[PDB]
Amino acid sequence: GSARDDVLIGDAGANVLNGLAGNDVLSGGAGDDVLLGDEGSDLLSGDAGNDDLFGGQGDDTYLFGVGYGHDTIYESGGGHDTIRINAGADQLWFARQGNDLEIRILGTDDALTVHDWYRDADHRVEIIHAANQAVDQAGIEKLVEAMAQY
Ligand SMILES: [Ca+2]
Ligand SMILES: [Ca+2]
Ligand SMILES: [Ca+2]
Ligand SMILES: [Ca+2]
Ligand SMILES: [Ca+2]
Ligand SMILES: [Ca+2]
Ligand SMILES: [Ca+2]
Ligand SMILES: [Ca+2]
Ligand SMILES: [Mg+2]
Ligand SMILES: [Mg+2]
C-alpha cells in the first residue's frame, strides 16, 4: 500500500492488506483476511473466508455476496459508506445481535455483521445497495423492527 490509490490483491491465504491514504481497492481472495482502507474512499471485498473489514475514515464501499462467508465490518467514520450486495434486496434479512447489525442472504450461510452498529452513528454504513434497490438507515431500522416481530 501507499499514499496513492492502490489495488491490493491477496491470495488464498490469510492476508493483511493496508491501503494507507488514497482511494484504494482491497481484494482479499480466499482465506481469512484483514483489510484496512484507512484514509480515503476505499472499496473492500473480503471474498471467500471469514474476513475483518476496516474501511476507515472516508466514504467506503464494502462488497458482499453469495459465497462470501461470515465477514465483519468495523467502521470508523464517513457519512457515505455503502454495502454493495450482489443479491436482490428481497433476499436480505436484518437483525440486531447485541450491539451489532447482522445482514444475511436468505437461503445461504453468508452473513455480514457491522460491529457496534448500535453504539453510535460513526459505526454505521449509510446505504445498502442491493441488485435492484438501495436501502437507507431509516429503511434498515424499519426492516430490523419488522423482522424482529416476524
Ligand atoms: Ca485508503
Ligand atoms: Ca493507498
Ligand atoms: Ca486471502
Ligand atoms: Ca477472504
Ligand atoms: Ca477509508
Ligand atoms: Ca468509512
Ligand atoms: Ca468473506
Ligand atoms: Ca458511516
Ligand atoms: Mg483526514
Ligand atoms: Mg477471524
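Preceding this section is the structure that the text describes.
Residues numbered from 1 in each chain as written, not as in the entry; some residues may be left out. Chains lettered and ligands numbered in written order. Heavy atoms only, no water.

**Student:** Help me understand the pattern of salt bridges in this model?
**Tutor:** Opposite charge on two side chains permits pairing when their charged atoms draw close. In total, this model carries two salt bridges according to the counting rule given. Close ionic contact of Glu102 with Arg104 constitutes a salt bridge, the shortest N to O distance being 2.5 Å. Measuring nitrogen to oxygen at the nearest pair gives 2.9 Å for the salt bridge that ties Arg119 to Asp116. The exposed category is assigned to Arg119, whose relative accessible area is 53%. Classification of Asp116 by relative accessible area gives buried; the value is 13%. (Salt bridge = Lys/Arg side-chain N within 4 Å of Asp/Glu carboxyl O. Buried < 20%, exposed > 50% of the residue type's maximum accessible area, 1.4 Å probe, protein only.)

**Student:** Explanation requested: the packing of aromatic side chains in the structure shown.
**Tutor:** For any pair of aromatic rings, the description rests on two quantities: the centre-to-centre distance and the angle between the ring planes. Counted according to the given criterion, the structure contains four aromatic pairs. Arranged with centres 5.5 Å apart and planes meeting at 55°, the rings of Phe64 and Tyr68 form a pair that is tilted. Residues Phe64 and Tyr68 agree in their burial class; the two are buried. On the numbers, 4.7 Å between centres and 70° between planes, the contact of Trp93 with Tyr150 is edge-to-face. Residue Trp93 is found in strand β10 (residues 92-97), and its partner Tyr150 is found in the segment after α1 (137-148); the two are separated by 57 residues along the sequence. Accessibility expressed as a relative area gives 78% for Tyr150, which makes it exposed. The cationic tip of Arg96 hangs over the ring face of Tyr118; the distance from NZ or CZ to the ring centre is 4.1 Å. (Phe/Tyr/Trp six-rings, centres within 6.5 Å; stacked < 30°, edge-to-face > 60°. Helix = DSSP H or I, 4+ residues; strand = E, 2+ residues; numbered from the N terminus. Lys NZ or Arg CZ within 6 Å of the ring centre and 35° of its normal.)

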